[PDB]
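Everything below concerns the one structure shown next.
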Number of protein chains: 4
Amino acid sequence: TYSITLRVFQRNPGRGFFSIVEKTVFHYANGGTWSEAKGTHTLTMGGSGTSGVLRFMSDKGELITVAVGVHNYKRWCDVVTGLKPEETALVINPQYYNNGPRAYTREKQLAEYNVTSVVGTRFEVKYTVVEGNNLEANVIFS
Amino acid sequence: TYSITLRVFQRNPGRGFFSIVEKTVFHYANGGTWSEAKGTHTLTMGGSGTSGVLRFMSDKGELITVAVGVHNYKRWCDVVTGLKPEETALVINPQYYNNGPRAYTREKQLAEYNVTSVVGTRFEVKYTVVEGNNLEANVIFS
Amino acid sequence: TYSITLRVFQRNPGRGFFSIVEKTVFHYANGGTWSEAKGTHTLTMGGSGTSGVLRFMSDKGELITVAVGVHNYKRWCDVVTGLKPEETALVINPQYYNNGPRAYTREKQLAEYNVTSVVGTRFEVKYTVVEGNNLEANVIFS
Amino acid sequence: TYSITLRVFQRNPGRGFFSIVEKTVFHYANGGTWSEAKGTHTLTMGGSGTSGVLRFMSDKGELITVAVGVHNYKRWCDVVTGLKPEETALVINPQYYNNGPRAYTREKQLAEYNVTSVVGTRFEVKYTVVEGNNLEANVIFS
Ligand SMILES: CC(=O)N[C@@H]1[C@@H](O)[C@@H](O[C@@H]2O[C@H](CO)[C@@H](O)[C@H](O)[C@H]2NC(C)=O)[C@@H](CO)O[C@H]1O
Ligand SMILES: CC(=O)N[C@@H]1[C@@H](O)[C@H](O[C@@H]2O[C@H](CO)[C@@H](O)[C@H](O)[C@H]2NC(C)=O)[C@@H](CO)O[C@H]1O
Ligand SMILES: CC(=O)N[C@@H]1[C@@H](O)[C@H](O[C@@H]2O[C@H](CO)[C@@H](O)[C@H](O)[C@H]2NC(C)=O)[C@@H](CO)O[C@H]1O
Ligand SMILES: CC(=O)N[C@H]1[C@H](OC2[C@@H](CO)O[C@@H](O)[C@H](NC(C)=O)[C@H]2O)O[C@H](CO)[C@@H](O)[C@@H]1O
């Protein structure tokens, strides 16, 4: 099994306040599950080769996704911003596989990644535990 | 807009305790978002013709999905039990669309539905508010 | 230390739906903390001789408290129903101590307790793990 | 009635990650209730003259309380850091009343308050809606 535990840090009220609106899990490697404990979010996966996505919406209406998973026994992550209402996590998650237009960032196996949406909201995924089967990452909104 | 607010009732400790492990939203009708308030779960949709799925897992390991949405301005629902690890909600949700294998129960626009898993766990989705754009349903595990 | 993990089962929609509105921890035994994990609630205490209270409110307006703790190395529990808005958990919890009017039920060290409110709501606390430092109980609204 | 809705912003992963471990409501003004919606926390009170406390614990062991209420029709707030484990919210909340050691900061009716714990963690409560019966504050950990 692989697990990825996330801590959500939101740094700038000027960017509004984000909450989770969707949680998906891709079907590879026997799938997996999202759980909550002590204000954190853990994706537990049946093996290497799958992932899950959390979609966030701010109280200002901004939509963004955070994808985390394990590819070839190494953690990966991605952030997609400027999403439209119809571009749900259910749309986004599969795009990382089957030669989708996002598979390339998965193959990068990034232990850290950041991007700034066009509206000026910075997002970052940063693994604090980058090795082994019990991975840990901070998700930082700013 | 169409919203569906769910109250989860678990009646029989002998069946274990279920918790949400996934929450998807289908991309039709401008998509939508899940939110939580006062222990309830609300699916807010940008119009008629879309849906979302909650996948539950018991602490005994039983996996089931609850689907709710609006089709042609009328609420619909379905429950799938005996799910395998790889049959995530991300897999199940799209199966109701594009003439998928589950599109038939959606077209039924059910205001109530119940079913019992082969392992003996009863599941019921009963709408308490069956009309309008602010729908209410009880999810009952037994 | 001692921990008490609670699973909340709501059995009858006719009685309304309850959500937590308050969580207290008494200051004896070096205090303690409430946490949440996978839909369950755990009270962690620094030792024997303290307790915690969860206050619930139904969407019908009913107010009740669930008290759990460890007295002389044995678990105890109590349920108070028909509470007035001013009778917060902060008021109720201390009443089990210092010769308060509720101390007697703490001293009973009950592994199980049920009561039915004047308005007809049944409540039960039933420990499933009754001994040791890691106690488990079901909380049943009916 | 009065309500105070809180958005929690955690800015610095170096300070650890905080989660709620207790929520109390003082018994004045006919009491009140805590609720959760879309990742925010709302304290609803039966009138002016009461309050409630949120105690947080970081995954680094830091214990702090945030107090918010309404005094003489004006919002107030306070933050206490460096708490011992026996100093539960149940102990701290009443200290703002009956001429307790914290009554003085309640009387200040502050719309903003910040303080840094001896161990280096900055805490701030800043109301964004400072007037009326529907108050809004950001709670910022740094
Ligand atoms: C369908 C669509 O709009 N595709 C992309 C759009 O998502 C977009 O976003 C980037 O997506 C990559 C790969 O998933 C991310 O690493 C990156 O963070 C996204 N960029 C931003 C600014 O959010 C753009 C740019 O590649 O191109 C559209 O076609
Ligand atoms: C891949 C798979 O799961 N195949 C079949 C299952 O879908 C399946 O269940 C039934 O699906 C209907 C349509 O979604 C539901 O309305 C119905 O409640 C559900 N039945 C149960 C008992 O869960 C099972 C059992 O029919 O067969 C599989 O082959
Ligand atoms: C201030 C007040 O109303 N006090 C009494 C109530 O608490 C009360 O309740 C009973 O308190 C017992 C001890 O805590 C509980 O074990 C018991 O379950 C509870 N009874 C019910 C029906 O909830 C009433 C009635 O006994 O008397 C009040 O004076
Ligand atoms: C730094 C801090 O948290 N200040 C609090 C203030 O704190 C207390 C500490 C630190 O000054 O001093 C102790 O003597 C006090 N006694 C006990 C038993 O804790 C303790 O309260 O309290 C005031 C009033 O609540 C707050 O406004 C400051 O933020």
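Lettering and numbering for the structure tokens are positional, with chains as A, B, ... in the shown order, residues counted from 1 in each chain, and ligands counted from 1 in the shown order.
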
Test item: residues at most 8 Å from residue A:114, only C-alpha atoms, excluding those fewer than 6 positions along its chain, as a PDB file with N, CA and C atoms, in the first residue's frame:
ATOM      1  N   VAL A  79      -0.846  20.685 -10.057  1.00  0.00           N
ATOM      2  CA  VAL A  79      -1.919  21.614  -9.753  1.00  0.00           C
ATOM      3  C   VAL A  79      -2.450  22.199 -11.051  1.00  0.00           C
ATOM      4  N   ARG A 122      -1.502  31.782  -5.944  1.00  0.00           N
ATOM      5  CA  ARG A 122      -0.394  30.833  -5.972  1.00  0.00           C
ATOM      6  C   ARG A 122      -0.775  29.523  -5.280  1.00  0.00           C
ATOM      7  N   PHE A 123      -0.380  28.404  -5.880  1.00  0.00           N
ATOM      8  CA  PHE A 123      -0.612  27.091  -5.295  1.00  0.00           C
ATOM      9  C   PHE A 123       0.685  26.296  -5.261  1.00  0.00           C
ATOM     10  N   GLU A 124       0.853  25.485  -4.223  1.00  0.00           N
ATOM     11  CA  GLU A 124       2.048  24.659  -4.095  1.00  0.00           C
ATOM     12  C   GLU A 124       1.769  23.336  -3.399  1.00  0.00           C
ATOM     13  N   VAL A 125       2.315  22.269  -3.969  1.00  0.00           N
ATOM     14  CA  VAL A 125       2.361  20.986  -3.304  1.00  0.00           C
ATOM     15  C   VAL A 125       3.821  20.734  -2.973  1.00  0.00           C
TER      16      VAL A 125
END

Residue B:22 surroundings by only C-alpha atoms, 10 Å radius, close-in-sequence under 4 positions cut, as number ranges by chain: A: 22-25, 32-35, 43, 52-54; B: 53-57, 65, 88-90

task: For chain A, report every residue with an atom at most 6 Å from chain C (counting only C-alpha atoms), formatted as a PyMOL selection string.
output: chain A and resi 35-38

query: Near residue D:60, within 8 Å and counting only C-alpha atoms, which residues show up once chain neighbours fewer than 6 positions away are dropped, as a list in words?
result: residues 15, 16 and 17 of chain D

Dump of C-alpha atoms for the selected residues, as a compact mmCIF listing (two decimals), in the first residue's frame:
# COMPACT_ATOMS: atom_id res chain seq x y z
CA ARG D 15 4.98 26.27 12.95
CA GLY D 16 3.27 22.92 12.48
CA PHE D 17 -0.36 22.26 11.61

Got a sec: who's within 8 Å of residue C:70, counting only C-alpha atoms, leaving out chain neighbours fewer than 3 positions off, as a PDB file with C-alpha atoms, in the first residue's frame?
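Result file is selection22.pdb:
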ATOM      1  CA  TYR C   2      -6.911   6.724  28.081  1.00  0.00           C
ATOM      2  CA  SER C  48      -7.999   8.099  34.629  1.00  0.00           C
ATOM      3  CA  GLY C  49     -10.406  10.439  36.419  1.00  0.00           C
ATOM      4  CA  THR C  50     -11.579  12.805  33.703  1.00  0.00           C
ATOM      5  CA  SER C  51     -14.091  12.991  30.879  1.00  0.00           C
ATOM      6  CA  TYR C  73      -9.747   2.949  35.684  1.00  0.00           C
ATOM      7  CA  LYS C  74     -13.220   2.029  34.439  1.00  0.00           C
ATOM      8  CA  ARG C  75     -15.242   3.649  31.678  1.00  0.00           C
ATOM      9  CA  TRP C  76     -18.406   5.604  32.385  1.00  0.00           C
ATOM     10  CA  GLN C 109     -18.936   3.404  35.817  1.00  0.00           C
TER      11      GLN C 109
END

- request: Find the residues near residue C:105: any atom within 9 Å, counting only C-alpha atoms, skip ones fewer than 3 places away on the same chain, and give them as a list in words.
  value: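 Non-adjacent residues within range: residues 76, 77, 78, 96, 102, 108, 109 and 110 of chain C.
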
Compute the set of protein, DNA and RNA residues whose minimum atom distance to ligand 3 is at most 10 Å, using only C-alpha atoms and all ligand atoms, and state it as an mmCIF file with N, CA, C and O atoms, in the first residue's frame.
data_model
loop_
_atom_site.group_PDB
_atom_site.id
_atom_site.type_symbol
_atom_site.label_atom_id
_atom_site.label_comp_id
_atom_site.auth_asym_id
_atom_site.auth_seq_id
_atom_site.Cartn_x
_atom_site.Cartn_y
_atom_site.Cartn_z
ATOM 1 N N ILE C 64 -29.159 17.576 23.409
ATOM 2 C CA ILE C 64 -28.772 16.508 24.323
ATOM 3 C C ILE C 64 -27.255 16.432 24.459
ATOM 4 O O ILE C 64 -26.516 16.834 23.555
ATOM 5 N N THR C 65 -26.792 15.920 25.594
ATOM 6 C CA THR C 65 -25.364 15.746 25.816
ATOM 7 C C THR C 65 -24.980 14.287 26.014
ATOM 8 O O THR C 65 -25.700 13.517 26.652
ATOM 9 N N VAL C 66 -23.831 13.920 25.459
ATOM 10 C CA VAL C 66 -23.244 12.615 25.699
ATOM 11 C C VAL C 66 -21.944 12.805 26.468
ATOM 12 O O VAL C 66 -21.034 13.491 25.999
ATOM 13 N N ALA C 67 -21.865 12.216 27.656
ATOM 14 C CA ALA C 67 -20.652 12.293 28.461
ATOM 15 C C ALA C 67 -19.946 10.940 28.508
ATOM 16 O O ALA C 67 -20.577 9.914 28.752
ATOM 17 N N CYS C 77 -20.351 6.576 31.319
ATOM 18 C CA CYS C 77 -21.066 7.356 30.318
ATOM 19 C C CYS C 77 -22.410 7.814 30.857
ATOM 20 O O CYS C 77 -23.004 7.161 31.721
ATOM 21 N N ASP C 78 -22.885 8.942 30.343
ATOM 22 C CA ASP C 78 -24.187 9.467 30.722
ATOM 23 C C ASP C 78 -24.788 10.206 29.538
ATOM 24 O O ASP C 78 -24.064 10.688 28.665
ATOM 25 N N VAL C 79 -26.113 10.277 29.508
ATOM 26 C CA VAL C 79 -26.826 11.047 28.500
ATOM 27 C C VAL C 79 -27.859 11.931 29.185
ATOM 28 O O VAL C 79 -28.675 11.445 29.968
ATOM 29 N N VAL C 80 -27.808 13.229 28.901
ATOM 30 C CA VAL C 80 -28.801 14.166 29.420
ATOM 31 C C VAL C 80 -29.611 14.754 28.271
ATOM 32 O O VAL C 80 -29.048 15.335 27.339
ATOM 33 N N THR C 81 -30.930 14.603 28.342
ATOM 34 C CA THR C 81 -31.818 15.073 27.283
ATOM 35 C C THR C 81 -32.698 16.225 27.753
ATOM 36 O O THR C 81 -32.704 16.577 28.935
ATOM 37 N N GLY C 82 -33.445 16.804 26.817
ATOM 38 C CA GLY C 82 -34.352 17.900 27.126
ATOM 39 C C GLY C 82 -33.618 19.111 27.666
ATOM 40 O O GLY C 82 -34.134 19.833 28.514
ATOM 41 N N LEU C 83 -32.408 19.336 27.168
ATOM 42 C CA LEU C 83 -31.604 20.463 27.610
ATOM 43 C C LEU C 83 -32.148 21.774 27.064
ATOM 44 O O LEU C 83 -32.662 21.825 25.949
ATOM 45 N N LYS C 84 -32.030 22.828 27.862
ATOM 46 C CA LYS C 84 -32.365 24.169 27.413
ATOM 47 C C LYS C 84 -31.135 24.794 26.760
ATOM 48 O O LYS C 84 -30.012 24.362 27.014
ATOM 49 N N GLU C 87 -28.108 25.552 28.797
ATOM 50 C CA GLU C 87 -27.398 24.426 29.392
ATOM 51 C C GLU C 87 -26.384 23.841 28.422
ATOM 52 O O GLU C 87 -26.572 22.742 27.900
ATOM 53 N N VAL C 91 -21.594 23.862 30.775
ATOM 54 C CA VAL C 91 -22.343 23.813 32.029
ATOM 55 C C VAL C 91 -22.457 22.386 32.549
ATOM 56 O O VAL C 91 -22.262 22.127 33.738
ATOM 57 N N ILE C 92 -22.774 21.465 31.645
ATOM 58 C CA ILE C 92 -23.044 20.078 32.004
ATOM 59 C C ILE C 92 -21.814 19.311 32.496
ATOM 60 O O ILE C 92 -21.881 18.600 33.496
ATOM 61 N N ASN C 93 -20.694 19.447 31.794
ATOM 62 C CA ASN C 93 -19.530 18.605 32.077
ATOM 63 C C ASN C 93 -19.021 18.708 33.519
ATOM 64 O O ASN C 93 -18.762 17.690 34.155
ATOM 65 N N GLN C 95 -20.657 19.377 36.061
ATOM 66 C CA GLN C 95 -21.677 18.903 36.998
ATOM 67 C C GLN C 95 -21.441 17.462 37.450
ATOM 68 O O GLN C 95 -22.033 17.005 38.428
ATOM 69 N N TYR C 96 -20.573 16.748 36.739
ATOM 70 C CA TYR C 96 -20.242 15.376 37.111
ATOM 71 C C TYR C 96 -19.173 15.318 38.203
ATOM 72 O O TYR C 96 -18.805 14.237 38.657
ATOM 73 N N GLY C 100 -21.095 17.657 42.232
ATOM 74 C CA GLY C 100 -22.126 18.184 41.349
ATOM 75 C C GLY C 100 -23.307 17.236 41.309
ATOM 76 O O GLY C 100 -23.218 16.113 41.801
ATOM 77 N N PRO C 101 -24.426 17.683 40.717
ATOM 78 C CA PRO C 101 -25.670 16.911 40.700
ATOM 79 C C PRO C 101 -25.655 15.698 39.762
ATOM 80 O O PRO C 101 -26.635 14.954 39.709
ATOM 81 N N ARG C 102 -24.558 15.492 39.041
ATOM 82 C CA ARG C 102 -24.480 14.377 38.100
ATOM 83 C C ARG C 102 -23.381 13.384 38.451
ATOM 84 O O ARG C 102 -23.215 12.367 37.777
ATOM 85 N N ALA C 103 -22.637 13.679 39.511
ATOM 86 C CA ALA C 103 -21.512 12.843 39.910
ATOM 87 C C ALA C 103 -21.913 11.380 40.094
ATOM 88 O O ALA C 103 -21.138 10.474 39.795
ATOM 89 N N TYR C 104 -23.128 11.153 40.579
ATOM 90 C CA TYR C 104 -23.577 9.796 40.880
ATOM 91 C C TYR C 104 -23.567 8.854 39.670
ATOM 92 O O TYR C 104 -23.247 7.675 39.805
ATOM 93 N N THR C 105 -23.906 9.360 38.489
ATOM 94 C CA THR C 105 -23.882 8.501 37.301
ATOM 95 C C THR C 105 -22.462 8.249 36.795
ATOM 96 O O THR C 105 -22.194 7.206 36.202
ATOM 97 N N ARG C 106 -21.548 9.183 37.040
ATOM 98 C CA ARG C 106 -20.141 8.928 36.745
ATOM 99 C C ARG C 106 -19.640 7.775 37.609
ATOM 100 O O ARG C 106 -18.989 6.846 37.121
ATOM 101 N N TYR C 113 -25.562 2.711 28.679
ATOM 102 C CA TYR C 113 -26.634 3.540 29.209
ATOM 103 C C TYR C 113 -27.556 4.013 28.099
ATOM 104 O O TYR C 113 -27.100 4.402 27.021
ATOM 105 N N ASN C 114 -28.855 3.974 28.363
ATOM 106 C CA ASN C 114 -29.827 4.507 27.421
ATOM 107 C C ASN C 114 -30.948 5.249 28.133
ATOM 108 O O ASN C 114 -31.311 4.920 29.261
ATOM 109 N N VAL C 115 -31.479 6.263 27.465
ATOM 110 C CA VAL C 115 -32.562 7.060 28.005
ATOM 111 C C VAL C 115 -33.367 7.616 26.844
ATOM 112 O O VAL C 115 -32.843 7.786 25.742
ATOM 113 N N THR C 116 -34.642 7.890 27.087
ATOM 114 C CA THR C 116 -35.508 8.443 26.058
ATOM 115 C C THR C 116 -36.015 9.810 26.494
ATOM 116 O O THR C 116 -36.575 9.955 27.581
ATOM 117 N N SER C 117 -35.799 10.815 25.652
ATOM 118 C CA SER C 117 -36.200 12.182 25.966
ATOM 119 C C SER C 117 -37.715 12.302 26.076
ATOM 120 O O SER C 117 -38.451 11.467 25.556
ATOM 121 N N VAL C 118 -38.172 13.351 26.749
ATOM 122 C CA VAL C 118 -39.597 13.616 26.888
ATOM 123 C C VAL C 118 -40.272 13.655 25.521
ATOM 124 O O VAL C 118 -41.410 13.207 25.367
ATOM 125 N N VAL C 119 -39.563 14.182 24.526
ATOM 126 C CA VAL C 119 -40.129 14.321 23.187
ATOM 127 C C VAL C 119 -40.125 13.011 22.406
ATOM 128 O O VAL C 119 -40.629 12.950 21.285
ATOM 129 N N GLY C 120 -39.549 11.969 22.999
ATOM 130 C CA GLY C 120 -39.608 10.628 22.422
ATOM 131 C C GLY C 120 -38.383 10.163 21.653
ATOM 132 O O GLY C 120 -38.473 9.245 20.838
ATOM 133 N N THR C 121 -37.234 10.782 21.906
ATOM 134 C CA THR C 121 -35.996 10.365 21.249
ATOM 135 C C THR C 121 -35.165 9.451 22.145
ATOM 136 O O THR C 121 -34.795 9.827 23.254
ATOM 137 N N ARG C 122 -34.872 8.252 21.658
ATOM 138 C CA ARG C 122 -34.037 7.320 22.405
ATOM 139 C C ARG C 122 -32.556 7.595 22.160
ATOM 140 O O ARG C 122 -32.142 7.857 21.031
ATOM 141 N N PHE C 123 -31.766 7.538 23.226
ATOM 142 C CA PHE C 123 -30.321 7.702 23.123
ATOM 143 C C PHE C 123 -29.619 6.577 23.867
ATOM 144 O O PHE C 123 -30.053 6.175 24.945
ATOM 145 N N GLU C 124 -28.534 6.071 23.294
ATOM 146 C CA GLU C 124 -27.777 5.009 23.941
ATOM 147 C C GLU C 124 -26.276 5.164 23.744
ATOM 148 O O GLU C 124 -25.805 5.497 22.650
#

message: Just list as an MDAnalysis selection string whatever in chain B DSSP marks as strand (DSSP E).
response: chainID B and resid 2:10 18:25 32:37 40:45 51:58 63:71 74:80 112:116 122:129 134:141

Same residues, C-alpha atoms, saved as a PDB file, in the first residue's frame:
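Output contents, as saved in part16.pdb:
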ATOM      1  CA  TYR B   2     -30.334  22.064  -8.524  1.00  0.00           C
ATOM      2  CA  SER B   3     -29.103  21.013  -5.104  1.00  0.00           C
ATOM      3  CA  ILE B   4     -29.465  17.759  -3.201  1.00  0.00           C
ATOM      4  CA  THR B   5     -28.828  17.645   0.539  1.00  0.00           C
ATOM      5  CA  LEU B   6     -28.214  14.247   2.118  1.00  0.00           C
ATOM      6  CA  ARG B   7     -28.548  13.131   5.726  1.00  0.00           C
ATOM      7  CA  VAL B   8     -26.723   9.870   6.443  1.00  0.00           C
ATOM      8  CA  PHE B   9     -28.504   7.469   8.794  1.00  0.00           C
ATOM      9  CA  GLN B  10     -26.694   4.352  10.027  1.00  0.00           C
ATOM     10  CA  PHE B  18     -19.473   3.676   6.953  1.00  0.00           C
ATOM     11  CA  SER B  19     -17.495   6.776   6.012  1.00  0.00           C
ATOM     12  CA  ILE B  20     -17.127   8.692   2.763  1.00  0.00           C
ATOM     13  CA  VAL B  21     -14.007   7.753   0.792  1.00  0.00           C
ATOM     14  CA  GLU B  22     -14.699   9.614  -2.453  1.00  0.00           C
ATOM     15  CA  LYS B  23     -16.967  12.291  -3.942  1.00  0.00           C
ATOM     16  CA  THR B  24     -17.263  12.841  -7.690  1.00  0.00           C
ATOM     17  CA  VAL B  25     -19.245  15.284  -9.808  1.00  0.00           C
ATOM     18  CA  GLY B  32     -21.247  21.119  -9.605  1.00  0.00           C
ATOM     19  CA  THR B  33     -19.750  20.934  -6.132  1.00  0.00           C
ATOM     20  CA  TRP B  34     -20.032  18.917  -2.931  1.00  0.00           C
ATOM     21  CA  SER B  35     -20.097  20.691   0.429  1.00  0.00           C
ATOM     22  CA  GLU B  36     -20.690  19.827   4.084  1.00  0.00           C
ATOM     23  CA  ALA B  37     -22.825  21.663   6.624  1.00  0.00           C
ATOM     24  CA  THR B  40     -25.032  16.873   6.057  1.00  0.00           C
ATOM     25  CA  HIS B  41     -23.787  16.684   2.464  1.00  0.00           C
ATOM     26  CA  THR B  42     -25.050  18.904  -0.326  1.00  0.00           C
ATOM     27  CA  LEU B  43     -24.470  18.388  -4.028  1.00  0.00           C
ATOM     28  CA  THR B  44     -24.955  21.731  -5.803  1.00  0.00           C
ATOM     29  CA  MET B  45     -25.373  21.460  -9.580  1.00  0.00           C
ATOM     30  CA  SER B  51     -25.049  14.173 -10.867  1.00  0.00           C
ATOM     31  CA  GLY B  52     -22.494  13.188  -8.258  1.00  0.00           C
ATOM     32  CA  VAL B  53     -21.491  10.022  -6.434  1.00  0.00           C
ATOM     33  CA  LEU B  54     -20.500   9.351  -2.830  1.00  0.00           C
ATOM     34  CA  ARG B  55     -18.498   6.169  -2.291  1.00  0.00           C
ATOM     35  CA  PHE B  56     -18.670   4.795   1.248  1.00  0.00           C
ATOM     36  CA  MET B  57     -16.427   2.275   2.974  1.00  0.00           C
ATOM     37  CA  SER B  58     -17.308   0.519   6.214  1.00  0.00           C
ATOM     38  CA  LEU B  63     -17.532  -0.699  -0.499  1.00  0.00           C
ATOM     39  CA  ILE B  64     -20.664   0.958  -1.892  1.00  0.00           C
ATOM     40  CA  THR B  65     -21.602   4.038  -3.926  1.00  0.00           C
ATOM     41  CA  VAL B  66     -24.590   6.349  -3.676  1.00  0.00           C
ATOM     42  CA  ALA B  67     -25.507   8.241  -6.828  1.00  0.00           C
ATOM     43  CA  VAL B  68     -27.837  11.237  -6.815  1.00  0.00           C
ATOM     44  CA  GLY B  69     -28.694  13.800  -9.469  1.00  0.00           C
ATOM     45  CA  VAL B  70     -31.369  15.428 -11.585  1.00  0.00           C
ATOM     46  CA  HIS B  71     -32.475  14.130 -14.970  1.00  0.00           C
ATOM     47  CA  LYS B  74     -36.613  15.205 -11.826  1.00  0.00           C
ATOM     48  CA  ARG B  75     -34.398  13.732  -9.112  1.00  0.00           C
ATOM     49  CA  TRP B  76     -32.806  10.331  -9.576  1.00  0.00           C
ATOM     50  CA  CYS B  77     -30.719   8.003  -7.439  1.00  0.00           C
ATOM     51  CA  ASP B  78     -29.044   4.601  -7.415  1.00  0.00           C
ATOM     52  CA  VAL B  79     -26.925   2.420  -5.149  1.00  0.00           C
ATOM     53  CA  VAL B  80     -24.155   0.047  -6.188  1.00  0.00           C
ATOM     54  CA  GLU B 112     -36.604   6.296  -3.607  1.00  0.00           C
ATOM     55  CA  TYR B 113     -34.387   3.244  -3.995  1.00  0.00           C
ATOM     56  CA  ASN B 114     -33.187   0.431  -1.760  1.00  0.00           C
ATOM     57  CA  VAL B 115     -31.012  -2.646  -2.190  1.00  0.00           C
ATOM     58  CA  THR B 116     -29.184  -5.170  -0.017  1.00  0.00           C
ATOM     59  CA  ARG B 122     -29.283  -2.820   3.305  1.00  0.00           C
ATOM     60  CA  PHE B 123     -28.937   0.568   1.636  1.00  0.00           C
ATOM     61  CA  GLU B 124     -31.703   3.073   0.942  1.00  0.00           C
ATOM     62  CA  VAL B 125     -31.927   6.501  -0.657  1.00  0.00           C
ATOM     63  CA  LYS B 126     -35.242   8.140   0.199  1.00  0.00           C
ATOM     64  CA  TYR B 127     -36.026  11.682  -0.926  1.00  0.00           C
ATOM     65  CA  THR B 128     -37.961  13.628   1.725  1.00  0.00           C
ATOM     66  CA  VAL B 129     -38.330  16.560  -0.648  1.00  0.00           C
ATOM     67  CA  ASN B 134     -33.808  22.178  -3.461  1.00  0.00           C
ATOM     68  CA  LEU B 135     -34.043  18.424  -2.994  1.00  0.00           C
ATOM     69  CA  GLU B 136     -33.638  16.523   0.281  1.00  0.00           C
ATOM     70  CA  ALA B 137     -32.863  12.836   0.741  1.00  0.00           C
ATOM     71  CA  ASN B 138     -32.025  10.476   3.589  1.00  0.00           C
ATOM     72  CA  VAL B 139     -29.272   7.930   3.025  1.00  0.00           C
ATOM     73  CA  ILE B 140     -30.038   4.940   5.237  1.00  0.00           C
ATOM     74  CA  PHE B 141     -27.553   2.162   5.982  1.00  0.00           C
TER      75      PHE B 141
END

message: I'd like to know which residues of stretch 22-140 of chain C are alpha helix (DSSP H) (by DSSP, run on the backbone); could you write them as a ChimeraX atom specification?
response: /C:89-92,103-107
